[PDB]
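Novice: Starting off with a structure, shown below.
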Amino acid sequence: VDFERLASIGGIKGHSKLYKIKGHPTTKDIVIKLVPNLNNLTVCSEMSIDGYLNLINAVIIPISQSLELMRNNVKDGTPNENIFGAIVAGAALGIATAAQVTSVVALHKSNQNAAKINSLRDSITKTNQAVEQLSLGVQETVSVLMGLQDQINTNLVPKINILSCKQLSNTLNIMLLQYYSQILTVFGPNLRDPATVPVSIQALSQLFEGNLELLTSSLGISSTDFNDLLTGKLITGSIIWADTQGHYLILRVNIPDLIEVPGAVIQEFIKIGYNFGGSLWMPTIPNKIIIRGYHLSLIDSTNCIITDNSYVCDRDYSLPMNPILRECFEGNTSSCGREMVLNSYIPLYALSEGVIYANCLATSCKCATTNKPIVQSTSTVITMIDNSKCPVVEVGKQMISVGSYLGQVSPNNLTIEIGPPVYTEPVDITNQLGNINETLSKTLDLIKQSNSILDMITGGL
Amino acid sequence: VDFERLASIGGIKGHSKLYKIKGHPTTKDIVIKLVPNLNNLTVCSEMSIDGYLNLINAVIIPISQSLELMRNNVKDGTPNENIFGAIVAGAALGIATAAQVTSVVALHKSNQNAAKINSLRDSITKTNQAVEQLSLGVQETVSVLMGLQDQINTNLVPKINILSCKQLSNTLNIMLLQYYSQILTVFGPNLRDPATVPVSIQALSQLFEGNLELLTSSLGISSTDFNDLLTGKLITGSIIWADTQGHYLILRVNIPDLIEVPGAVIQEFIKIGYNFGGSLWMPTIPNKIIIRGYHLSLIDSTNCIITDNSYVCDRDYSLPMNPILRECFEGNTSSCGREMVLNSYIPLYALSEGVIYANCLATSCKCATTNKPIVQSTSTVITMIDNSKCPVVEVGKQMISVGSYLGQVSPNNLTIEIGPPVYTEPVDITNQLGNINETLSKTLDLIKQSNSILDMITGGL
Amino acid sequence: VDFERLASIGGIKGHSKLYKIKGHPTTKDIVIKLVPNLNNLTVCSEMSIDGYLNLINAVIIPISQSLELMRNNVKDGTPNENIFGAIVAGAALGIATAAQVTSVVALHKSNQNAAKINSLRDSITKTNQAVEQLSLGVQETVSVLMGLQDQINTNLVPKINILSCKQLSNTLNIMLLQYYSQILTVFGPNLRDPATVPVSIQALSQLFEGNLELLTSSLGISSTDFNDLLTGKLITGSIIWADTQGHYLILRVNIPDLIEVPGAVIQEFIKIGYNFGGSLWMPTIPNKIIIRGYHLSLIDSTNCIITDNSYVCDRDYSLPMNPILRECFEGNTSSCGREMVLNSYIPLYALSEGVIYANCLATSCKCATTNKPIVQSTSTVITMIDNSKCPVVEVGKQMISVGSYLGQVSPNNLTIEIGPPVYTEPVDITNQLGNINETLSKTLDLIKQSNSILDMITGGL
Ligand SMILES: *[C@@H]1O[C@H](CO[C@@H]2O[C@@H](C)[C@@H](O)[C@@H](O)[C@@H]2O)[C@@H](O[C@@H]2O[C@H](CO)[C@@H](O[C@@H]3O[C@H](CO)[C@@H](O)[C@H](O)[C@@H]3O)[C@H](O)[C@H]2NC(C)=O)[C@H](O)[C@H]1NC(C)=O
Ligand SMILES: *[C@@H]1O[C@H](CO[C@@H]2O[C@@H](C)[C@@H](O)[C@@H](O)[C@@H]2O)[C@@H](O[C@@H]2O[C@H](CO)[C@@H](O[C@@H]3O[C@H](CO)[C@@H](O)[C@H](O)[C@@H]3O)[C@H](O)[C@H]2NC(C)=O)[C@H](O)[C@H]1NC(C)=O
Ligand SMILES: *[C@@H]1O[C@H](CO[C@@H]2O[C@@H](C)[C@@H](O)[C@@H](O)[C@@H]2O)[C@@H](O[C@@H]2O[C@H](CO)[C@@H](O[C@@H]3O[C@H](CO)[C@@H](O)[C@H](O)[C@@H]3O)[C@H](O)[C@H]2NC(C)=O)[C@H](O)[C@H]1NC(C)=O
Ligand SMILES: *[C@@H]1O[C@H](CO)[C@@H](O[C@@H]2O[C@H](CO)[C@@H](O[C@@H]3O[C@H](CO)[C@@H](O)[C@H](O)[C@@H]3O)[C@H](O)[C@H]2NC(C)=O)[C@H](O)[C@H]1NC(C)=O
Ligand SMILES: *[C@@H]1O[C@H](CO)[C@@H](O[C@@H]2O[C@H](CO)[C@@H](O[C@@H]3O[C@H](CO)[C@@H](O)[C@H](O)[C@@H]3O)[C@H](O)[C@H]2NC(C)=O)[C@H](O)[C@H]1NC(C)=O
Ligand SMILES: *[C@@H]1O[C@H](CO)[C@@H](O[C@@H]2O[C@H](CO)[C@@H](O[C@@H]3O[C@H](CO)[C@@H](O)[C@H](O)[C@@H]3O)[C@H](O)[C@H]2NC(C)=O)[C@H](O)[C@H]1NC(C)=O
Ligand SMILES: *[C@@H]1O[C@H](CO)[C@@H](O)[C@H](O)[C@H]1NC(C)=O
Ligand SMILES: *[C@@H]1O[C@H](CO)[C@@H](O)[C@H](O)[C@H]1NC(C)=O
Ligand SMILES: *[C@@H]1O[C@H](CO)[C@@H](O)[C@H](O)[C@H]1NC(C)=O
Ligand SMILES: *[C@@H]1O[C@H](CO)[C@@H](O)[C@H](O)[C@H]1NC(C)=O
Ligand SMILES: *[C@@H]1O[C@H](CO)[C@@H](O)[C@H](O)[C@H]1NC(C)=O
Ligand SMILES: *[C@@H]1O[C@H](CO)[C@@H](O)[C@H](O)[C@H]1NC(C)=O
Ligand SMILES: *[C@@H]1O[C@H](CO)[C@@H](O)[C@H](O)[C@H]1NC(C)=O
Ligand SMILES: *[C@@H]1O[C@H](CO)[C@@H](O)[C@H](O)[C@H]1NC(C)=O
Ligand SMILES: *[C@@H]1O[C@H](CO)[C@@H](O)[C@H](O)[C@H]1NC(C)=O
């Protein structure tokens with residue numbers, strides 16, 4: 001890539017950032033109960049829980065039936081001389097993708113630990129705090145957690161005899177209907193097929209009044225650096241069990257780990273407007289360029305958070321990049337497109353390494369040390385300003401100071417090649433088909449005329 | 001549609017789902033009061049409700065003025081000695097669309113029932129619970145409801161003498177300002193024209209701390225099947241009265257009914273990547289195809305929820321399609337495009353009716369029963385695997401079982417007709433059309449060369 | 001612009017609205033403390049504030065480091081006869097844009113007032129209410145504000161001895177972790193570079209359970225009309241100080257003011273479907289047209305709120321338009337494109353100035369006073385109906401009265417030039433591009449043949 005030609009065409013090299021991808025995940029199991037455990041309210045609660053049970057039995061049971069029907073269709077057992085491999089039976093899957101088969105194998109792998117967690121059903125249903133721990137084994141533990149258990153241990157419990165019992169029943173019914181509406185939002189796409197559709201940690205934290213840090217601290221991941229603070233909206237978990245007796249869900253989440261792809265640099269660009277032809281134009285180049293061993297591609301930051309030093313993505317998002325745009329980035333300024341603007345929010349100057357790239361035709365350029373104006377050179381459009389011209393520079397309304405030097409060759413003195421204008425809207429490209437087509441039928445008419453005139457020239461002699 | 005040629009090019013038939021549209025609605029009236037009724041706080045509340053009244057009088061009154069002005073135009077009694085009905089006076093409406101005139105007719109139809117509800121203004125303003133009923137007639141009733149009437153009957157009421165009166169006044173002012181900010185979000189677009197703009201039930205349920213099931217249960221709709229549980233984010237409603245004395249809004253909502261369009265099947269397609277020309281490509285086909293009497297069209301699922309067995313749309317979204325795409329779907333795989341990728345998240349195998357469609361050039365394919373590798377045939381690109389090859393198949397890492405057979409036609413032996421390499425669907429191709437225009441401009445130069453050929457043609461003398 | 005021809009092609013003139021821009025901002029200063037002040041809880045709270053302090057020290061300190069670096073970059077000085085200020089070092093700033101330099105100038109301008117506010121740190125840390133005032137000067141005041149200061153002055157405080165102290169500690173820890181999760185959402189992008197990134201007032205009001213009116217009333221903006229009532233999501237603001245001892249942020253916000261751009265009219269358009277060629281078509285025109293002294297442009301209403309009478313934008317959004325679209329709007333109906341639909345939600349009639357523009361080919365048109373059908377004229381496509389034809393018009397199932405007069409010439413007696421069908425598909429444009437491929441390879445072959453003829457027969461004999 002040549003930055004001098006691309007600076008003369010109107011693109012200024014910005015920051016250089018690294019590239020990191022989530023990869024190599026380990027698994028940790030949590031359990032979520034859905035019916036709140038009340039024991040202080042054994043005096044005045046009536047049978048208000050029965051409506052909530054009839055509301056959630058239409059959600060829990062169709063999850064569990066599809067889960068166990070997905071569980072039957074994988075069977076282990078040795079295929080002859082080969083050792084193992086947990087055969088997924090394709091007779092009873094109908095139509096399935098690769099990720100669905102991977103999820104089926106994940107359930108068949110997690111069956112034993114699901115049974116180990118399910119062996120403590122009486123231990124799970126007896127909790128009476130928000131988040132606590134239970135001893136799973138000699139060194140393993142579960143992290144059972146319920147959002148509403150605090151609210152019927154510090155708000156509704158002290159009004160056990162001050163307030164009337166029917167008011168407690170009505171308030172409990174209102175809060176349970178609101179919470180049932182909260183389950184019916186996060187577990188919405190899961191009801192289609194609750195083995196392949198995962199659960200984001202932000203939507204899962206929406207059950208606890210938007211408390212992501214409680215889930216993160218109870219899970220075990222503890223961020224200590226600046227890059228892992230904004231990261232935390234991408235922990236992904238899936239359902240492995242949907243037990244109906246205690247009305248609870250056993251969930252398995254993946255602890256992320258940020259690996260770095262070797263030798264990849266993300267390059268940002270600043271686009272300014274230049275005055276040509278009596279109009280304001282901008283180059284049509286993408287902002288982000290991924291460079292890895294003199295190989296250029298495109299990425300999209302539609303799901304990736306941008307930190308101060310590196311790009312953190314969920315997964316690789318490398319797209320192929322144009323050979324014409326490859327010539328545009330490398331050497332050919334004529335291959336780079338342009339677009340027309342007239343709006344007022346177009347920047348006209350920028351700073352890079354103590355080097356001012358300024359359009360001095362529209363913005364007044366001066367030097368404070370000598371008090372003389374700076375005029376546009378006719379050979380270039382974007383004006384170099386460095387310390388060789390003047391130290392203190394008036395640009396816009398601003399005193400600025402400069403430094404360093406040009407760098408290899410100056411982009412002010414060489415020739416320029418302005419590319420063609422590029423438009424967008426489909427009526428314009430239908431008219432582009434038009435002025436393709438009249439020119440096309442001129443070329444065909446010239447083919448016919450020229451080929452007749454060949455034989456009156458070559459044939460006649 | 002022929003699935004065999006489209007599987008040979010790289011598109012696999014997915015599930016088949018039905019199509020159902022909301023339609024034929026009945027109407028039901030609710031009322032929402034805005035001033036919370038306090039009678040327990042007659043000792044220590046001061047006149048803090050007056051600021052809330054002055055805040056909401058700038059909202060209720062300009063709604064009510066336009067609401068009575070839009071019903072002041074339509075008049076009944078068709079001049080026709082025989083024909084009779086409602087007439088909309090177009091000279092006073094100015095500029096209007098069809099739905100605005102339909103809403104004006106709806107208000108003129110609902111004026112009598114709005115007056116019947118307005119006849120119990122003293123009954124509406126005397127409520128002191130969250131949701132209750134009032135006797136509208138001998139068999140009809142209203143469902144008056146207040147969001148904050150629970151919170152100043154179970155939280156602020158018991159601290160009537162423990163806490164200081166100015167602290168209750170400050171807390172009531174903070175709660176009323178927050179609630180006034182909650183009215184100023186949901187009734188935002190309604191302030192422009194409060195007769196033609198409907199209200200979604202999610203935005204209306206945002207007033208009640210996100211409790212949609214409370215409004216669904218108090219309205220009368222009780223879903224009992226799996227399809228209607230996820231439905232309930234599309235119940236619309238419009239304002240019919242904006243009474244300023246009791247500061248309440250009489251609202252009319254439509255109970256939805258899911259009707260089924262006869263003989264329409266929604267079909268999905270799974271796209272896999274095939275290795276051709278030393279590169280990874282996928283065919284460019286839409287995922288969703290509606291089929292109705294051998295007629296193919298296009299739908300967009302941007303506002304339609306997807307259930308497990310059918311598509312539920314708020315309204316018909318049938319878009320036309322190109323005849324080239326019709327030939328691509330029917331017989332002509334040369335009319336189907338292809339696009340180029342190099343990313344890692346491209347699936348290379350899938351399962352359909354026990355038949356494995358796998359690209360064995362990129363993924364290692366083996367058989368467990370015989371332990372021999374499977375090689376790509378040169379006459380095809382996508383490899384078909386059934387029980388005739390081998391029962392247990394090694395794909396990737398997974399053991400899988402297969403079943404059934406080809407059905408009618410086999411993609412394993414058919415000829416290949418991979419079409420043109422179509423370029424980028426977004427605007428970048430126009431930039432290519434830009435240099436195609438530059439190609440045109442060099443053919444114009446060729447025309448200019450034939451402006452110089454026609455010169456030396458005149459040197460034929 | 002001629003509305004008769006544009007009504008003949010299928011576009012109906014809608015409402016006329018004004019255009020207003022937010023501009024000329026003055027500055028106000030607020031301070032946001034982060035640690036809630038507790039003094040009633042000196043008996044039973046333990047040291048649970050220490051974990052919250054260790055959580056927020058990772059947020060506060062890098063902001064302060066980046067801010068003091070940005071103050072170090074600017075340097076107050078005067079090279080000769082200068083404006084006695086500014087001066088930013090190019091070497092110390094690296095790579096930057098214009099807005100970042102403007103933000104550096106803003107911090108250097110607001111340093112003195114930041115020190116004046118910072119002189120009352122002991123006054124800032126001693127507050128015990130939600131929002132109160134402190135005397136900054138003889139006529140200036142600050143508006144120190146805390147969101148959770150109400151909730152540990154009316155809810156956790158009265159249960160000081162009824163509830164156990166460990167339950168108070170657990171509830172305080174849960175509330176503080178939830179609030180730390182609330183800081184880690186609004187100041188998310190601000191951690192990257194905390195001097196050039198603004199804070200929206202809606203995201204800032206999300207800390208106080210979505211109470212925008214509390215911030216607006218405590219800030220000083222008191223909107224009293226209908227236009228500025230919905231405005232209030234565009235207040236914005238930036239950070240100027242990040243003090244670590246009291247753990248507070250000093251923020252500077254802009255009080256808005258709406259100015260009017262002179263002589264600009266925003267025009268909407270209603271698009272109806274017309275039946276031509278046995279198909280249903282709509283013209284391809286933009287909805288919004290800005291007209292300013294015969295100068296047409298395009299605007300995008302993606303960030304602008306639409307009131308009843310005028311458009312309010314955060315900033316000017318004038319985009320250029322194609323001259324063929326200018327010919328479409330002025331005189332040429334053949335320059336206006338069209339698109340094909342078959343869906344049912346296409347409006348077929350409208351009303352403008354008491355004049356009915358209706359498509360009577362698809363929808364039945366009758367006159368109620370005379371009881372005769374209305375037939376489509378072959379010369380026109382869209383039927384004009386006024387009081388000269390019949391007063392009461394059956395359209396659809398509706399009575400419509402008409403009036404006023406026609407307006408210059410009718411859109412029914414003029415000729416209609418239907419433009420080209422704008423309908424673009426990637427495979428079709430790739431196929432005609434392959435026609436261009438074979439076309440230039442024909443023209444280059446014939447030009448090589450004609451150049452050989454230019455060589456050895458122009459010098460022949
Ligand atoms: C999930 O799997 C269990 C276990 O069945 C095993 O896996 C299946 C995929 C097949 O390969 C089976 O051959 C295999 O054993 C299924 O439970 C079984 O259900 C059937 C009915 O579908 C039961 O048969 C009944 O049993 C008693 C006999 O007294 C009577 O009530 C009836 O006459 C009837 O025969 C069967 O006992 C039961 N268990 C076993 C071990 O086979 C289960 O159906 C399956 N799928 C789902 C969707 O739940
Ligand atoms: C809504 O419609 C009502 C009904 O009147 C109808 O519309 C009018 C514009 C006329 O065309 C009528 O023929 C037609 O029935 C309007 O109510 C009218 O309001 C005006 C004031 O706006 C009243 O005039 C005043 O009323 C009292 C009468 O004691 C005195 O102060 C004055 O002497 C003065 O007349 C008028 O009485 C009243 N009723 C009628 C029958 O005209 C109303 O204006 C209209 N529009 C709106 C925006 O509400
Ligand atoms: C921000 O600015 C402060 C203030 O310093 C002033 O501005 C700088 C840009 C320079 O032009 C300074 O000359 C100018 O006074 C900087 O604080 C200064 O930091 C240095 C270290 O970088 C301190 O030096 C210390 O000196 C003694 C030596 O015995 C020891 O305590 C230490 O080992 C250390 O070397 C210096 O005292 C300090 N203060 C002043 C008034 O100069 C600061 O570094 C700068 N930048 C940042 C990123 O914070
Ligand atoms: C509401 O439910 C709670 C659940 O915690 C009951 O809490 C009770 O709290 C008391 C102290 O306030 C506990 O008594 C003491 O506990 C420890 C452990 O043995 C020890 O210091 C003493 O020996 C003494 O027993 C008590 O254990 C605990 N009870 C239970 C069942 O958890 C509270 O009583 C309930 N309220 C009502 C009205 O029942
Ligand atoms: C808050 O306001 C409400 C409503 O005005 C008041 O509710 C009242 O509650 C009392 C409870 O003692 C009810 O008393 C009734 O007494 C007899 C007992 O023989 C019997 O008829 C009932 O079972 C009932 O207990 C009273 O009817 C009820 N009032 C109404 C209008 O429903 C309440 O007093 C107020 N609270 C305060 C603190 O002022
Ligand atoms: C919890 O903190 C609050 C903070 O406000 C303490 O409030 C105290 O309120 C009482 C009245 O309830 C005040 O006493 C009286 O105030 C007025 C003067 O304004 C006057 O009537 C009397 O001369 C008398 O002073 C009191 O000033 C105020 N502050 C303090 C420090 O007591 C409340 O006491 C705290 N509770 C506990 C248990 O610490
Ligand atoms: C593009 O640049 C190369 C050198 O990098 C040069 O050889 C070639 O002629 C250029 N092509 C143009 C300007 O079309
Ligand atoms: C640019 O070219 C001019 C001559 O045209 C020369 O004086 C100047 O030094 C050049 N700048 C460089 C090589 O940086
Ligand atoms: C296409 O090329 C011609 C000839 O150089 C030029 O006049 C025209 O502006 C070009 N069009 C575009 C859209 O670049
Ligand atoms: C030129 O126009 C004709 C219709 O007159 C059309 O059939 C043909 O495809 C066009 N050729 C192009 C756009 O290259
Ligand atoms: C499309 O396929 C049919 C047979 O399925 C064939 O007759 C026809 O010629 C094909 N059309 C093309 C290749 O354009
Ligand atoms: C496909 O061709 C194979 C030979 O490669 C043959 O065995 C098989 O019967 C063919 N299937 C058809 C024509 O359906
Ligand atoms: C556009 O309209 C003008 C008159 O306003 C006319 O002279 C011109 O020929 C038209 N151009 C077309 C229809 O292409
Ligand atoms: C349209 O022309 C007809 C005659 O063809 C005439 O009757 C009618 O008044 C005209 N409309 C105008 C000039 O608005
Ligand atoms: C069309 O483009 C291809 C590459 O896309 C090129 O090799 C060829 O020369 C062009 N012409 C023809 C006739 O294929």
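Residue names in the structure tokens use chain letters A, B, ... in the order shown, residue numbers from 1 in each chain, and ligand numbers from 1 in the order shown.
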May I ask you to write as a list in words all residues lying at most 9 Å from ligand 5, with only C-alpha atoms and all ligand atoms counted?
Specialist: residues 164 of chain A; 38, 39, 40, 41, 42, 128, 153, 157, 158 and 160 of chain B
Novice: With N, CA, C and O atoms kept, could you save the residues just selected as a PDB file, in the first residue's frame?
Specialist:
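What follows is the written file selection_24.pdb:
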ATOM      1  N   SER A 164     -52.842  -6.280  54.910  1.00  0.00           N
ATOM      2  CA  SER A 164     -53.843  -7.336  54.818  1.00  0.00           C
ATOM      3  C   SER A 164     -53.380  -8.446  53.882  1.00  0.00           C
ATOM      4  O   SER A 164     -52.651  -8.208  52.916  1.00  0.00           O
TER       5      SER A 164
ATOM      6  N   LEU B  38     -55.439   8.896  45.206  1.00  0.00           N
ATOM      7  CA  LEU B  38     -54.948   8.762  46.569  1.00  0.00           C
ATOM      8  C   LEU B  38     -56.005   9.283  47.533  1.00  0.00           C
ATOM      9  O   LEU B  38     -56.551  10.373  47.337  1.00  0.00           O
ATOM     10  N   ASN B  39     -56.319   8.480  48.549  1.00  0.00           N
ATOM     11  CA  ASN B  39     -57.275   8.880  49.573  1.00  0.00           C
ATOM     12  C   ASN B  39     -56.697   8.600  50.952  1.00  0.00           C
ATOM     13  O   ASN B  39     -57.085   9.233  51.939  1.00  0.00           O
ATOM     14  N   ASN B  40     -55.772   7.642  51.024  1.00  0.00           N
ATOM     15  CA  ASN B  40     -55.058   7.387  52.269  1.00  0.00           C
ATOM     16  C   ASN B  40     -54.070   8.500  52.587  1.00  0.00           C
ATOM     17  O   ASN B  40     -53.783   8.755  53.762  1.00  0.00           O
ATOM     18  N   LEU B  41     -53.543   9.169  51.561  1.00  0.00           N
ATOM     19  CA  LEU B  41     -52.555  10.226  51.730  1.00  0.00           C
ATOM     20  C   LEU B  41     -53.185  11.608  51.833  1.00  0.00           C
ATOM     21  O   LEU B  41     -52.561  12.600  51.440  1.00  0.00           O
ATOM     22  N   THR B  42     -54.405  11.705  52.359  1.00  0.00           N
ATOM     23  CA  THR B  42     -55.037  13.003  52.555  1.00  0.00           C
ATOM     24  C   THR B  42     -54.451  13.780  53.728  1.00  0.00           C
ATOM     25  O   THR B  42     -54.773  14.962  53.885  1.00  0.00           O
ATOM     26  N   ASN B 128     -59.794   2.604  43.147  1.00  0.00           N
ATOM     27  CA  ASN B 128     -58.663   2.655  44.062  1.00  0.00           C
ATOM     28  C   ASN B 128     -57.812   1.390  44.017  1.00  0.00           C
ATOM     29  O   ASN B 128     -56.916   1.239  44.857  1.00  0.00           O
ATOM     30  N   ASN B 153     -50.629   1.893  47.167  1.00  0.00           N
ATOM     31  CA  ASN B 153     -51.503   1.158  48.071  1.00  0.00           C
ATOM     32  C   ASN B 153     -50.798   0.025  48.802  1.00  0.00           C
ATOM     33  O   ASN B 153     -51.440  -0.643  49.619  1.00  0.00           O
ATOM     34  N   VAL B 157     -48.292   3.899  51.304  1.00  0.00           N
ATOM     35  CA  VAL B 157     -49.328   3.919  52.341  1.00  0.00           C
ATOM     36  C   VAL B 157     -48.846   3.433  53.715  1.00  0.00           C
ATOM     37  O   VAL B 157     -49.133   4.137  54.696  1.00  0.00           O
ATOM     38  N   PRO B 158     -48.128   2.296  53.888  1.00  0.00           N
ATOM     39  CA  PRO B 158     -47.734   1.907  55.261  1.00  0.00           C
ATOM     40  C   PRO B 158     -46.716   2.826  55.932  1.00  0.00           C
ATOM     41  O   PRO B 158     -46.596   2.778  57.162  1.00  0.00           O
ATOM     42  N   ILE B 160     -46.965   5.996  56.460  1.00  0.00           N
ATOM     43  CA  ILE B 160     -47.757   7.216  56.569  1.00  0.00           C
ATOM     44  C   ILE B 160     -47.326   8.069  57.766  1.00  0.00           C
ATOM     45  O   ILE B 160     -47.420   9.300  57.713  1.00  0.00           O
TER      46      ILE B 160
END
Novice: Could you report the residues within 12 Å of ligand 12, using only C-alpha atoms and all ligand atoms, as a ChimeraX atom specification?
Specialist: /B:4,377-380,384,388-389,405-415
Novice: At a cut-off of 8 Å, which residues of chain A touch chain B? Count only C-alpha atoms and give the answer as number ranges by chain.
Specialist: A: 58, 79-80, 82, 85-98, 162-163, 167, 171, 174, 177-178, 180-181, 184, 188, 191-193, 316-320, 335, 337, 420-424, 429, 436, 439, 443, 446, 453, 457
Novice: Can you state the RMSD, in Å, between chain C and chain A once they are superposed by least squares on every Cα paired in order?
Specialist: 2.8 Å
Novice: Pick out the residues no farther than 8 Å from ligand 1, counting only C-alpha atoms and all ligand atoms, and list them as an mmCIF file with N, CA and C atoms, in the first residue's frame.
Specialist:
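After the write, selection00.cif holds the following:
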data_model
loop_
_atom_site.group_PDB
_atom_site.id
_atom_site.type_symbol
_atom_site.label_atom_id
_atom_site.label_comp_id
_atom_site.auth_asym_id
_atom_site.auth_seq_id
_atom_site.Cartn_x
_atom_site.Cartn_y
_atom_site.Cartn_z
ATOM 1 N N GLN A 65 -39.917 -31.933 26.222
ATOM 2 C CA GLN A 65 -40.308 -32.988 25.286
ATOM 3 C C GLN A 65 -39.433 -32.976 24.036
ATOM 4 N N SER A 66 -39.200 -31.787 23.471
ATOM 5 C CA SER A 66 -38.300 -31.663 22.330
ATOM 6 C C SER A 66 -36.860 -31.970 22.716
ATOM 7 N N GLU A 68 -35.820 -34.205 25.081
ATOM 8 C CA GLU A 68 -35.625 -35.650 25.179
ATOM 9 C C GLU A 68 -35.823 -36.350 23.836
ATOM 10 N N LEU A 69 -36.665 -35.794 22.951
ATOM 11 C CA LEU A 69 -36.768 -36.337 21.599
ATOM 12 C C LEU A 69 -35.493 -36.080 20.805
ATOM 13 N N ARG A 71 -32.667 -36.074 22.460
ATOM 14 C CA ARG A 71 -31.701 -36.896 23.184
ATOM 15 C C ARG A 71 -31.718 -38.352 22.716
ATOM 16 N N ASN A 72 -32.903 -38.896 22.386
ATOM 17 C CA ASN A 72 -32.938 -40.255 21.834
ATOM 18 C C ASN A 72 -32.204 -40.468 20.515
ATOM 19 N N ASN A 73 -32.143 -39.456 19.659
ATOM 20 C CA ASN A 73 -31.674 -39.671 18.295
ATOM 21 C C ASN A 73 -30.151 -39.738 18.164
#
Novice: I need the residues in segment 134-323 of chain B that are alpha helix (DSSP H) according to DSSP; give them as a ChimeraX atom specification.
Specialist: /B:151-154,165-186,201-205,212-219,227-230,323
Novice: Expressed in Å to a single decimal, how great is the separation between atom CA of residue 232 of chain A and atom CA of residue 200 of chain A?
Specialist: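 Between atom CA of residue 232 of chain A and atom CA of residue 200 of chain A the gap is 10.2 Å.
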Novice: Using DSSP on the backbone coordinates, identify all residues within segment 45-207 of chain C classified as strand (DSSP E); present the result as a PyMOL selection string.
Specialist: chain C and resi 95-96+134-135+141-142
Novice: For atom CA of residue 234 of chain B and atom CA of residue 196 of chain A, quote the distance in Å rounded to one decimal.
Specialist: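 The value is 26.5 Å.
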Novice: Suppose you want the space between atom 14 (O, counted along the ligand's line) of ligand 6 and atom CA of residue 166 of chain B; what is it in Å?
Specialist: 13.6 Å
Novice: Give me the residues near residue 64 of chain B as JSON, numbers by chain, where near means some atom within 8 Å (using only C-alpha atoms) and where sequence neighbours in that chain fewer than 3 positions away do not count.
Specialist: {"B": [60, 61, 67, 68, 241, 242, 243, 244]}
Novice: Just want the 9 Å neighbourhood of residue 237 of chain A, counted on only C-alpha atoms, with same-chain residues fewer than 2 positions away dropped. Output as a list in words.
Specialist: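 My list of contacting residues is residues 198, 199, 200, 201, 235, 239, 251, 252, 253 and 254 of chain A.
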Novice: Write the residues of the selection above to a file with C-alpha atoms, as a PDB file, in the first residue's frame.
Specialist:
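Wrote part-v5.pdb, looks like this:
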ATOM      1  CA  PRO A 198     -28.398 -20.418  22.396  1.00  0.00           C
ATOM      2  CA  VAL A 199     -29.006 -17.716  25.020  1.00  0.00           C
ATOM      3  CA  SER A 200     -27.054 -14.457  25.161  1.00  0.00           C
ATOM      4  CA  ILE A 201     -25.880 -13.347  28.592  1.00  0.00           C
ATOM      5  CA  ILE A 235     -20.762 -15.081  26.779  1.00  0.00           C
ATOM      6  CA  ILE A 239     -29.953 -25.385  27.596  1.00  0.00           C
ATOM      7  CA  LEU A 251     -27.777 -24.449  31.571  1.00  0.00           C
ATOM      8  CA  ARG A 252     -24.212 -24.741  30.252  1.00  0.00           C
ATOM      9  CA  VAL A 253     -22.203 -21.626  29.384  1.00  0.00           C
ATOM     10  CA  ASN A 254     -18.842 -21.149  27.680  1.00  0.00           C
TER      11      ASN A 254
END
